[PDB]
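Coming up, as structure tokens: structure 1 and structure 2, two forms of one and the same protein chain.
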Structure 1
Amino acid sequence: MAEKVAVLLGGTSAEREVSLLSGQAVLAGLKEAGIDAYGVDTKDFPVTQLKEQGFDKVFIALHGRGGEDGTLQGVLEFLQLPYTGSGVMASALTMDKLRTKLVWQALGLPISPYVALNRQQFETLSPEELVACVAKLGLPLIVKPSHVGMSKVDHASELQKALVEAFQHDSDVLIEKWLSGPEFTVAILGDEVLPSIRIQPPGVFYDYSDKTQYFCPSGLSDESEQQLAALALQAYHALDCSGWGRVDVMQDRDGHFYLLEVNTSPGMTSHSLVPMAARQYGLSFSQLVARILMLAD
């Protein structure tokens, strides 16, 4: 018998608005392909009741907290409903910058040099020791929390300052070497790596708008794109991802690629990265979402 599919959307996180748009597009795409899909705004319907409502399969179109971080996935494993995107472990681990970095580094995948700090060694030390500690990183630097309130840093007086603003919403902190750019992103769909996209934000960060420019194709030489494609796939399997996702990557002045992050529930607005990548690989939006759904075992 045919599947009843729930498209989860909206939610209660900071990214509710984008998620409303993503879910709306996913919904229209699935109905175009003949899938018996139904929208579910999770602000108002409890995800713990999907099974009672008669659903067979879940398409996850939520973003941020409670959507891509393992918690929803755990609910779905408890109910024994198949769902799109990565499982609990991968979904949660991709939110944790420190441990994502550790997994990659143990495998010898390229990451920007960094130094981790918790609040202990933070308060158990002062600026004359903190600067010697990072000295080997050079300048300038990025200070961010392990799990939004980050800074760029140019010389050694600026450091101490920015460290304390980072502990205002996290307890483990990363101090990374600054990379020149440019920034790229690589969508993965099952095992297929799609065309990369160059991203230029106006300021120093590609943080949380409307000005940001994107380039498809990305302008990389051909040899450069195979390297970035293979690396992306490795980085995605490294964290045990599956179904689909998006790997974020940055070049440095030397031209080498460094891994930043994997996003386990990407935006699916008409203006979003994955659909733009897919259209360039030659897939309609409708085929994209039918495929993601097919990849949910």
Structure 2
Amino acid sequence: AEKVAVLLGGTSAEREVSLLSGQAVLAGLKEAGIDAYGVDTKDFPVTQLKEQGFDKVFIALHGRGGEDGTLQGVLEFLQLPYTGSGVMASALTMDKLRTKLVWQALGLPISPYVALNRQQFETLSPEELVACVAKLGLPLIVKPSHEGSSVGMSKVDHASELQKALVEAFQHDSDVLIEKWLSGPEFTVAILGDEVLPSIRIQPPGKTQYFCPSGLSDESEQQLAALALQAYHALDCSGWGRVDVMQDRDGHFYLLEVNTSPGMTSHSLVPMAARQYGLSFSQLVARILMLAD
């Protein structure tokens, strides 16, 4: 039967979650009856998947080298069917700035923010950097533009803490965003093929608290689902994904980011939504593979 590669681990900051993601995906597929093998891409070169007898690919990597389009470009070249979003969408989902620009042009909601690159940083004075963000109010969140990890993110409460916050950020990326702070809570929406799965609310503790159903009204889930699907189609995603949305103090949803190769432990957001939906892990996992483009 079809020889399936589960790519796991890799070499990014999320190598550990990835090994776990992959071992799990592998179990699920087996249970579904699929003839799957796990490949640690820090030790086996993805280049050789073809050479090695694999017919299909299940991508379970995270961050640099798995959800950024480069692995995808490799696979398109070997002409191996694989799961998740293609080259353009993957790489796009990693560029938080370009993601906002596409969404804002479609009229989709995003929270106010300015963007700076390294060169304007080292050019503009502290004071001018402040004057430049004055209109976002305070507090702010400083996020480097490509990261997608947690590294580089500061909250900024007072305008004197801004320079420190930016220095910190730019040790990770040429681009950075200064975003207005929102109250939350946060909502995540798993998309599977073209089905939308029940939303999940997540929030700080009094570990991180997250729970399903979200508690949103039926009218609100429909609005949110709709928004999530526009957000995801706006980036040319497909296969499956997770759209993360931030709510504000007035109730309004803002878009955050689309994760195109989501965590898949059993602690993970996508499997939760999938359970609520009436899908076993194995079943969730098999469907993702059934969509391999």
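Rigid core: the largest C-alpha set superposing within 1.5 Å between the two forms. The first residue in the sequence of structure 1 is number 1, and each one after it adds one.
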| property | result |
| --- | --- |
| Residue among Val103, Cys216, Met95, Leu130 with C-alpha shift of 2 Å or more between the two structures, core superposed | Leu130 |
| C-alpha of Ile197 moved at least 2 Å between the two structures on rigid core | no |
| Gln160 C-alpha shift between the two structures of 2 Å or more, rigid core reference | yes |
| Angstrom shift of the Cα atom of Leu141 between the two structures (superposition on rigid core) | 1.6 |
